[PDB]
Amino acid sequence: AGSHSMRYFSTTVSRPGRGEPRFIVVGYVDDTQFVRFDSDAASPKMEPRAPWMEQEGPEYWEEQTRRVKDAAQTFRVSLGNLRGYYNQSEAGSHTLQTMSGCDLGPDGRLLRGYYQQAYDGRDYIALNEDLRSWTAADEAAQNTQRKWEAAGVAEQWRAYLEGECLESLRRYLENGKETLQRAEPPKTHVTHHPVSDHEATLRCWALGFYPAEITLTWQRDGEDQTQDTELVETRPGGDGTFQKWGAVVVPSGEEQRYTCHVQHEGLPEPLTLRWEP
């Protein structure tokens, strides 16, 4: 589509008295992973996880490894600060997650830049859209916010998000263009399985699509049935595509009242499907 994104997702987990916190980072362009770092690996290094990343040279990888090791050290200090802030025991394991990245608009502009953290799975602090202010979840995060305003942290992220973040995303989008600039439409069909002699399950399938965003809804005479729909979470095929289905259990004589509506970027028109007996 016109908008494309880059994201880094990092997870830091303390394991008190049991060595340094575990630190894992993964990078994504849109819904395609392209790098990883695992601090518990044999030789912890940023390394490629897409074939179109295998043409970067070793100096790129060294710089990426240096940056994540630097971040890892900051996140370990953060975990200690947070435990102290929340008056938590030194024996318990805690998690710091961070997200960062950019949305690149169709004309090359920065649509949105991000830097935010969660502590033990709850929002903690976030860079606002203006890339010059913060939103803090509580007084602990207001403490973090002050230390970050004192160290000029917003300005440093704004510089990267408006510059190197987009430049890198553009390069990846060109290097992996055949993978990343495709919209693979879902292959769709409806199945029918009786549950008695008087009712049946209609299941609407979408398979093999990319990117992951999709809408799949059952309607009965044009009326949305989400309260009666079993809709599974979009799931990876393992091969760079995604799968999803939604299902309703309906009276046999009403089956043709039901339609499944599929919307995906790779589709010229939204689809309307009906059980094809």
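Numbering starts at 1 and follows the sequence shown.
In this entry, 259-267 shows the higher mean Cα temperature factor of the pair 259-267 and 20-28. The PDB entry records a higher mean C-alpha B factor for 163-171 than for its counterpart among 163-171 and 199-207.
Take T234, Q33, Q219, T241 and read off each C-alpha B-factor from the entry; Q219 has the highest. Based on the entry's C-alpha B-factors, the most elevated value among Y115, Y124, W148, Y86 belongs to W148. In the deposited entry, the Cα temperature factor of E184 places it in the middle third of its chain's modelled residues.
Remark: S100 belongs to the lowest third of its chain, ranked by C-alpha B-factor as recorded. Annotation for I214: CA B-factor lies in the middle third of the chain's modelled residues.
For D40, the recorded CA B-factor ranks within the highest third of the chain. Only modelled residues enter the ranking. In the deposited entry, the Cα temperature factor of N143 sits in the top third of values across the chain's modelled residues.
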